[PDB]
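Colleague:
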Amino acid sequence: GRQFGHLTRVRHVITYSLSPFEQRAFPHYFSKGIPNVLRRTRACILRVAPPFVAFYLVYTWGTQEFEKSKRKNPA
Amino acid sequence: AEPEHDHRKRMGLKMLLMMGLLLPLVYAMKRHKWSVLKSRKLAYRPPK
Amino acid sequence: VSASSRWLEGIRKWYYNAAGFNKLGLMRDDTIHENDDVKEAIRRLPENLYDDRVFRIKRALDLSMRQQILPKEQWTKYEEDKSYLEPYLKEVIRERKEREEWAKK
Amino acid sequence: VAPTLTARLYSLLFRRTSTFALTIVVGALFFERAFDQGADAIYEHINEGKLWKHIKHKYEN
Amino acid sequence: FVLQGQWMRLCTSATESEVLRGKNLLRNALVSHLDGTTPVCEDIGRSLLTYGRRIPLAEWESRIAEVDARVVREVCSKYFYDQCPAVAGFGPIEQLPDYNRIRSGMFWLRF
Amino acid sequence: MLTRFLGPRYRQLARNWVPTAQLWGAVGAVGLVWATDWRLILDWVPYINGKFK
Amino acid sequence: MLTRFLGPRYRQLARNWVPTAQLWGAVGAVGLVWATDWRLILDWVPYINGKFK
Amino acid sequence: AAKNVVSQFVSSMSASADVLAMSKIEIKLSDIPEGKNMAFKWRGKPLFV
Amino acid sequence: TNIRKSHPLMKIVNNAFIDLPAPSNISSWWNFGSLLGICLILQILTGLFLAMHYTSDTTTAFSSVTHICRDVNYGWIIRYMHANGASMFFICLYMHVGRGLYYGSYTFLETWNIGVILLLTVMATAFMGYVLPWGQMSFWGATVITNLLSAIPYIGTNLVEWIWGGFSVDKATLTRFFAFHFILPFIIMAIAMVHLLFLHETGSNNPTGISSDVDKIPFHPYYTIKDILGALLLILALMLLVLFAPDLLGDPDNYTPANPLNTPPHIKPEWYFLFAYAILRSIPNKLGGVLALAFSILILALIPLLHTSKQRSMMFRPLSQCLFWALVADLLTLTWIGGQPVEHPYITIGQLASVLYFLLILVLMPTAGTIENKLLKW
Amino acid sequence: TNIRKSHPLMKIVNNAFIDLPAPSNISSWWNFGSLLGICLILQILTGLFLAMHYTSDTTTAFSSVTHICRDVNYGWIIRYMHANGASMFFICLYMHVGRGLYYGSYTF
Ligand code: HEM
Ligand code: HEM
Ligand code: HEM
Ligand code: HEM
Ligand SMILES: COC1=C(OC)C(=O)C(C/C=C(/C)CCC=C(C)C)=C(C)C1=O
Ligand SMILES: COC1=C(OC)C(=O)C(C/C=C(\C)CCC=C(C)C)=C(C)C1=O
Ligand SMILES: COC1=C(OC)C(=O)C(C/C=C(\C)CCC=C(C)C)=C(C)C1=O
């Protein structure tokens, strides 16, 4: 279902738009663009990054213990 | 073991060149159509 | 009242800021998940609040689309954050719970 | 010879969907050949191991 | 959909009979309007501001008479075919088509 | 009983759509030719002589 | 929060549907037994001793 | 009837030319010296002696 | 009236890809639904062309696969597109499920539950796929797997022998697996349509988890082209894999013909089951291992009952985000461990990671939601 | 409201086999549509079970078909149901087309 004209009630909202043939597809692409990705990165590192390094560490340690274990000195 | 080896890398070369041409183009096609939405400006004008 | 309450209050303020709906001009109640109780409370809102709530959601969905965010001064400030829905939601729940008590006897 | 350039392309060929299609199909034909040879030659240069050796063995048939 | 469908039809496939009707509706409108001292006085004043002349009915007739189907589909094409519209909506407009779609209705893939 | 579509307007209609039906056929042809690599038809085209002889 | 379904009426409801839920289980059992030919369960039934020993 | 057609289709996924199980292999003990595990093919399965 | 809107057949198309009101703010993460759509068709198409030369007999199975790569014109790409597409199908599948979890999309019960059936089905499908070439890994993979079912009390031995068509993974077993691997993707498709049917009752969710009726856009210029751009990105990934590294995700041993007497020291699944494999062997029990193996997948059906937060998405919930990323990180660990022998480090870390997987989904994530509600005074 | 009438999935069933307004006077000749339906499924089901033993190689094709009738449990009925079902599928197909022709049904 769904349709358009039966979704919900909206009042007093104007929407100015401009035709795609009158504007640029990539406005300040590098100018405003890159700052935004850095800002999006800041916003999320502390939530995405840590779990992963914990694995990165568990992975390298895990490998070292295993390979070092199949060796032996006395007895 | 892999007789197709060379021919595949020739196609793979072409796959990279085609993609390098196609990727930006489809992206620009899609951005052009999304333009209408990206620069849309809203205003709220309630009574009183 | 003292040191402790302010500490729980500042922890709450901290979560609020971290939660980040404020950055999209949203208010806490604009983020509530819509179940029946909630759908009814929205319905029961008065004209003004209802209209303001739609503009806020629209302002946010728009921002969320182009993955931008509001200038810092326009973020909603914690505890200037009016919980407009709460009293309505509370009553709708209270009404449902009474129906539920009656349904047991 | 620049503003009027994409203008002519639009005027003479992109306006009608007729020409628009005809041009990309005529444009697909030439492009295929130019891209194929053009990319073969790039694959050709970075190598020189395959059938460049042919000149030897054959001919003696 | 229907509005746009009519503009394109006229841009590409306008037929002769309907063009005579158009010309006829226009000859009646012109003359029916210039009835009374008031609309004519207004017509004189406005004309001189925009035309520098007063364009006599006989000339407007001549200009109307010259229009045939070919002219309609050429003149409509020039202004309508694959051009960006200015769109203004007010009221219950949830179903006003998106701008891209209104823009895509300004040309036709048949043609 | 297809005499419904016989008259001046339909005759005007047919003509207005000819350049288009003709150009659609050019599209279909080149499109068929280029997609199967029509030896017979292609060999006449200046460039695209990637079949030497 | 399933405390919504805890009260005298629901308790009356459960009882009214027991003979039925019980008889549905007898149907399911015999139905399972007869369809797989449950050796263990079947061998006890007087007739239907088509597995001799 | 339903039982029967269903049972038959179910049964079609079991036996065959797979009733084999002959084997009964006789193994020469002097071929396996002290400390060695010699594997053979028995009834389609590996047999260790 | 139009033609699109009224015609019985076109209606369906119109209501699903043209005029469908879509949220204006869905991001890549929403692309994996169409990408799974493409992967499904790609798997079917290359899958059919392979079936035109493949033989389902142990005598010629491997040979027919070899016949395809050397002799059949362009048989090799088709074969690698198939193989790599199966992996692409799992990368997309995993993005899709994860997207649903992070964003609260699972609240659409029927859609999601149908999605679980779709996951199981392509899993059952891909497992049978891998056995077809009759390589050492095909046979031993087929062996290790099916035999799990023998842990089911009183019925397990008869069940395993029933699906085997003997006492081993033999002739009957290969042909069998061909037939099921042929019919399964069609059924998947009928289910993908029911999936999309339920999805349509509400329309899509979005990153904020807040309703978007207030700002919907037609699927008609916006998401057709965004899906297009995205499929092109799926092609790049797939082709990069097949035209440059076709065995990278593959096991060099499935290249040695099946030998029912030669057990490779290796013995591991295709990468997409490695996490479940790790969970399975973490348990020093036959029944429990397979009981928990199953539960590591069927738990997705418990997720909506464990939603505890007053908000739908995770966009505004930091504590929950951390727990989510720890789930993904824990799933890397699980696959990594699953691809490693059951000797030193590996046993105890893969054992604890298994506990963590279930502690996370079953206890930690819900508890976080309650805490978050509380911090917001809700 | 009901459950049959409202549920997205059941609706389809309801609108096609339950509440569907049908003419009160259709006769046998109208049965061949459902019979083709049954024949289609019958062909698919016996067809799948045959594919579980059949080999597509000239070396073993015939042999695998023979393997089915002697060795595969109940392989023979499955094989003949398949073979004869294909004929049943054509008898029904022909009734169906003819029924359409006699009765003017083709106007749809
Ligand atoms: C053959 C496998 C699948 C196919 C073809 C499929 C196809 C789709 C499509 C086309 C969409 C709409 C666009 C999108 O959000 O991506 C979608 C959304 C969804 N799917 Fe799937 N999907 C499949 C597997 C799954 C799985 C494994 C699950 C999780 C158990 C799942 C649960 C969902 C849910 C909940 C949504 C709604 C997401 C939202 O709107 O935010 N589906 N799917
Ligand atoms: C009905 C459409 C399909 C057909 C007809 C089909 C047919 C085949 C055939 C004949 C083989 C053996 C040839 C070979 O190994 O390359 C095969 C292998 C395989 N297929 Fe499919 N298949 C289909 C859909 C799928 C699906 C849905 C998947 C799951 C993503 C899938 C994943 C696999 C895998 C993993 C293999 C073994 C790996 C390999 O390529 O060697 N295929 N398939
Ligand atoms: C896979 C093959 C077919 C199937 C499954 C199929 C199924 C059906 C079904 C279920 C009906 C409704 C009940 C009935 O009147 O029988 C029907 C009616 C009809 N079918 Fe078919 N049929 C098939 C082949 C055909 C053929 C070969 C034709 C003729 C070209 C045909 C044309 C019609 C027509 C015109 C009707 C309407 C008849 C009426 O209402 O009087 N179908 N079909
Ligand atoms: C996708 C479902 C089907 C599958 C999997 C399937 C598979 C098979 C297989 C493996 C054979 C060779 C074994 C044998 O000859 O007995 C066969 C034979 C045949 N099938 Fe099918 N088939 C299916 C649907 C059909 C359909 C729709 C028809 C058309 C009514 C059909 C008519 C035939 C005929 C005429 C034969 C050869 C005669 C014979 O039985 O010896 N089957 N099929
Ligand atoms: C021999 O190598 C292995 C595989 O490759 C052939 C696998 O695929 C899997 C896991 C496969 C499945 C289907 C687990 C899901 C079970 C249920 C009930 C959903 C394991 C454990 C494995 O050891
Ligand atoms: C508004 O949200 C949606 C999208 O945007 C994220 C989509 O991209 C798609 C794409 C689905 C397709 C193309 C169908 C594929 C299914 C099969 C069985 C081939 C759907 C349905 C959708 O609802
Ligand atoms: C009112 O007229 C009709 C009948 O009375 C003559 C029928 O008997 C059927 C029976 C159709 C069935 C059971 C569906 C089978 C199709 C498939 C793909 C399995 C239909 C549709 C019908 O309209």
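Chains as they are written, first to last, in the authors' numbering: chain G, 1 to 75; chain D, 194 to 241; chain F, 6 to 110; chain J, 1 to 61; chain A, 336 to 446; chain K, 1 to 53; chain K', 1 to 53; chain E, 50 to 98; chain C, 2 to 379; chain C', 2 to 109. A prime marks a further copy of an entry chain.
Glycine is no exception: its CB is placed at the ideal position from the N, C-alpha and C atoms.
How many angstroms separate the CA atom of D/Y237 from the CA atom of G/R11?
Modeller: Position 44 of the second sequence, counting from 1, holds the residue named residue 237 of chain D. Position 11 of the first sequence, counting from 1, holds the residue named residue 11 of chain G. Looking at the two C-alpha atoms, the distance is approximately 9 angstroms.
Colleague: Determine the closest residue to C/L306 out of C/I298, C/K269, C/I280, C/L363, with distance taken between C-alpha atoms.
Modeller: For the purposes of this step, residue 306 of chain C is taken as the residue at position 305 of the ninth sequence. Minimum Cα distance to C/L306 is reached at C/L363.
Colleague: Taking only heavy atoms of ligand 1 into account, decide whether any of them is closer than 7 angstroms to the Cβ of C/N206.
Modeller: The residue given as residue 206 of chain C occupies position 205 in the ninth sequence. Result yes, Cβ under 7 angstroms from ligand 1.
Colleague: Under 8 angstroms, do C/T203 and C/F128 count as touching if we go by C-beta distance?
Modeller: Within the ninth sequence, residue 203 of chain C is the residue found at index 202, counting from 1. Within the ninth sequence, residue 128 of chain C is the residue found at index 127, counting from 1. The answer is no: Cβ separation not under 8 angstroms.
Colleague: Using the DSSP secondary-structure output, state which residues sit across from C/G136 in a beta bridge.
Modeller: The residue you call residue 136 of chain C lines up with position 135 of the ninth sequence. According to DSSP, which records beta bridges pairwise, C/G136 is partnered with C/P258.
Colleague: So if I measure from each beta-carbon to every heavy atom of ligand 2 and keep distances below 6 angstroms, which residues remain?
Modeller: Every residue passing the under-6 angstroms Cβ criterion appears here: C/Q44, C/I45, C/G48, C/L49, C/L51, C/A52, C/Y55, C/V66, C/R80, C/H83, C/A84, C/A87, C/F90, C/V123, C/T126, C/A127, C/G130, C/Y131, C/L133, C/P134, C/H182, C/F183, C/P186.
Colleague: Is the closest heavy atom of ligand 1 to the C-beta of C/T112 under 7 angstroms?
Modeller: As a position in the ninth sequence, residue 112 of chain C is number 111, starting the count at 1. Because some heavy atom of ligand 1 lies under 7 angstroms away, the Cβ of C/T112 counts as near it: yes.
Colleague: Determine the DSSP secondary structure at A/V337, reduced to helix, strand or coil.
Modeller: On the fifth sequence, position 2 is the one that residue 337 of chain A refers to. Helix.
Colleague: So for G/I14, helix, strand or coil by DSSP?
Modeller: Within the first sequence, residue 14 of chain G is the residue found at index 14, counting from 1. Three-state DSSP puts G/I14 in a strand.
Colleague: Applying the criterion that 16 or more other CB atoms from any shown protein chain within 10 Å of the CB defines a buried residue, is C/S65 buried or exposed?
Modeller: Along the ninth sequence, read from residue 1 onward, the residue named residue 65 of chain C stands at position 64. C/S65 should be labelled buried.
Colleague: Report the neighbours of G/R11 on chain F: residues whose CB is nearer than 8 angstroms to its CB, in chain order.
Modeller: Position 11 of the first sequence holds residue 11 of chain G. Those within 8 angstroms of G/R11 in chain F are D56, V59.
Colleague: Within its chain, find whatever has a CB closer than 6 angstroms to the CB of C/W141; leave out the 5 residues flanking it on each side and keep chain order.
Modeller: Along the ninth sequence, one-based indexing puts residue 141 of chain C at 140. Around C/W141: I268.
Colleague: Relative to the C-alpha of A/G426, which candidate in G/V13, G/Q3, G/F4 has its C-alpha closest?
Modeller: By 1-based counting over the fifth sequence, the position of residue 426 of chain A is 91. Selected option, being the one with the closest Cα: G/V13.
Colleague: Quick check: the Cα distance between C/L365 and C/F317, rounded to an integer number of angstroms?
Modeller: One-based indexing of the ninth sequence puts residue 365 of chain C at position 364. One-based indexing of the ninth sequence puts residue 317 of chain C at position 316. Whole-angstrom Cα-Cα distance: 18 angstroms.
Colleague: Compute the minimum distance between the beta carbon of C/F220 and the heavy atoms of ligand 6, and state whether it is under 7 angstroms.
Modeller: Locating residue 220 of chain C in the ninth sequence gives position 219, where the first residue counts as 1. Yes.
Colleague: How is G/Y56 classed by DSSP in three states: helix, strand or coil?
Modeller: Mapped onto the first sequence, residue 56 of chain G falls at position 56. Of the three classes helix, strand and coil, the one that applies to G/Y56 here is helix, per DSSP.
Colleague: Relative to the C-alpha of D/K207, which residue among J/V25, J/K53, J/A34, J/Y59 is closest?
Modeller: Counting from 1 along the second sequence, the entry for residue 207 of chain D is found at position 14. Comparing Cα positions, the closest option is J/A34.
Colleague: When you check each C-beta in the segment 6-22 of chain K against every C-beta of chain J, which residues fall closer than 8 angstroms?
Modeller: The segment 6-22 of chain K vs chain J, Cβ under 8 angstroms: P19, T20.
Colleague: Indicate whether C/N26 and F/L94 have their beta-carbon atoms separated by less than 8 angstroms.
Modeller: Locating residue 26 of chain C in the ninth sequence gives position 25, counting from the first residue. Locating residue 94 of chain F in the third sequence gives position 89, counting from the first residue. Result no, Cβ atoms of C/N26 and F/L94 do not sit closer than 8 angstroms.
Colleague: Around the C-beta of K/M1, are 16 or more other C-beta atoms found within 10 angstroms, so that it is buried, or is it exposed?
Modeller: Taking the first residue of the sixth sequence as 1, we reach residue 1 of chain K at position 1. Exposed, since its Cβ has fewer than 16 Cβ neighbours within 10 Å.
Colleague: Counting only runs that start and end within the segment 103-165 of chain C, where is the alpha helix (DSSP H) found for 4 or more residues in a row?
Modeller: DSSP runs (the alpha helix (DSSP H)) wholly in the segment 103-165 of chain C: 110-132, 137-147, 157-165.
Colleague: Do you know offhand how far J/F31's Cα is from K/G50's?
Modeller: Numbered from 1 along the fourth sequence, position 31 holds the residue referred to as residue 31 of chain J. Numbered from 1 along the sixth sequence, position 50 holds the residue referred to as residue 50 of chain K. The straight-line gap from Cα to Cα measures roughly 13 angstroms.
Colleague: Check whether the segment 121-139 of chain C and the segment 262-282 of chain C touch, using three or more Cβ-Cβ pairs below 8 angstroms as the test.
Modeller: Yes: at least three Cβ pairs fall under 8 angstroms.
Colleague: Return yes when the Cβ of C'/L43 is within less than 8 angstroms of the Cβ of C'/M82, no when it is not.
Modeller: In the tenth sequence, counting from the first residue as 1, residue 82 of chain C' sits at position 81. In the tenth sequence, counting from the first residue as 1, residue 43 of chain C' sits at position 42. Yes, the pair counts as a contact, with Cβ atoms nearer than the cut-off.
Colleague: Smallest Cα separation from C/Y358: which of C/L149, C/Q341, C/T225, C/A327?
Modeller: Here residue 358 of chain C corresponds to residue number 357 of the ninth sequence, with the count starting at 1. Of the listed residues, the one whose Cα sits closest to C/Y358 is C/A327.
Colleague: Pull up the CB-CB distance for C/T122 and C/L198, whole angstroms please, since I reckon it's below 8 angstroms.
Modeller: By 1-based counting over the ninth sequence, the position of residue 122 of chain C is 121. By 1-based counting over the ninth sequence, the position of residue 198 of chain C is 197. Contact doesn't hold; Cβ gap of about 16 angstroms is too wide.
Colleague: Is it true that the segment 91-100 of chain C' meets the segment 30-41 of chain C', where meeting means three or more beta-carbon pairs spaced less than 8 angstroms apart?
Modeller: Contact holds: three or more Cβ-Cβ distances are below 8 angstroms.
Colleague: What did DSSP end up calling F/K28 once you bin it into helix, strand or coil?
Modeller: Against the third sequence, residue 28 of chain F aligns to sequence position 23. Of the three classes helix, strand and coil, the one that applies to F/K28 here is helix, per DSSP.
Colleague: Say the cut is 7 angstroms; is the CB of C'/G34 nearer than that to a heavy atom of ligand 3?
Modeller: The count along the tenth sequence starts at 1 and reaches residue 34 of chain C' at position 33. For ligand 3, at least one heavy atom lies less than 7 angstroms from the Cβ of C'/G34.
Colleague: Measuring CA to CA, which of C/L234, C/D331, C/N260 is closest to D/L214?
Modeller: The residue you call residue 214 of chain D lines up with position 21 of the second sequence. Comparing Cα-Cα distances from D/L214 to each of C/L234, C/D331, C/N260, the minimum goes to C/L234.
Colleague: Out of C/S88, C/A330, C/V145, C/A246, point me to the one whose CA is closest to G/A49's CA.
Modeller: Here residue 49 of chain G is taken as the residue at index 49 of the first sequence, counted from 1. Ranking C/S88, C/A330, C/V145, C/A246 by Cα distance to G/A49 puts C/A330 first.
Colleague: Just mark A/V407 as buried or exposed, buried being the case when its beta carbon has 16 or more other beta carbons within 10 Å.
Modeller: For this step, residue 407 of chain A is matched to residue 72 along the fifth sequence. That one is buried.
Colleague: Where do the N-terminal and C-terminal ends of the alpha helix (DSSP H) with F/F60 fall, by residue?
Modeller: Looking up residue 60 of chain F in the third sequence gives position 55. Per DSSP, F/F60 belongs to the alpha helix (DSSP H) from 52-70.
Colleague: Return the bridge partner residues of C/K6 from the DSSP annotation.
Modeller: As a first step, residue 6 of chain C must be located in the ninth sequence, where it is residue number 5. BP columns for C/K6 are empty, so no partner.
Colleague: For ligand 1, is there any heavy atom lying closer than 7 angstroms to the beta carbon of C/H308?
Modeller: For the purposes of this step, residue 308 of chain C is taken as the residue at position 307 of the ninth sequence. Because no heavy atom of ligand 1 lies under 7 angstroms away, the Cβ of C/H308 does not count as near it: no.
Colleague: Under a three-way DSSP split, which group does C/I218 fall into?
Modeller: Residue numbering aside, residue 218 of chain C sits at position 217 when the ninth sequence is read from its first letter. C/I218 falls in the strand class under three-state DSSP.
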